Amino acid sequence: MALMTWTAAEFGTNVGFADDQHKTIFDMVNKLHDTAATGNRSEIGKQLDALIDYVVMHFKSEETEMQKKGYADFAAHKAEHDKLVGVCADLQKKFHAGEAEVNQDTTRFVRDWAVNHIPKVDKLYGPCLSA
């Protein structure tokens, strides 16, 4: 049972690149979720690291477009990104020190974050970025 399922109704932004990057995030989170129910710590870490790298790139992609187009709520939206990047960096620090584990609570938090962020934050840039 996949943790996350993308639909257009719930998550579509009317912005092609963003919808595509979102669908990749959901697939990479789903993979990490399944791995996080095991004790395969090396595989957990590789999938965690891949997912974080991709998310940071997604945020940059959204920010570069918002800023270039003079989107009204760019700085607020970047602030929400930058707080999750700080949480991700802190988790990588603790995980790669052997001080914290990644488990299905970790991936449920990323789920919770995304399923709030996409509809309530990302969908707001649609009109600007699809114009």
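All residue numbers refer to positions in the sequence shown, first residue = 1.
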Q | Which of 39-47 and 60-68 has higher mean CA B factor, as the PDB entry lists it | A | 39-47
Q) Looking only at CA atoms, which has the higher mean B factor in the entry: 115-123 or 6-14? A) 6-14
**Q.** Residue with highest C-alpha B-factor in the PDB entry, from 80, 99, 53, 73
**A.** 99
Q: Comparing against every modelled residue in the chain, figure out the third that the C-alpha B-factor of residue 92 lands in (lowest, middle or highest).
A: highest
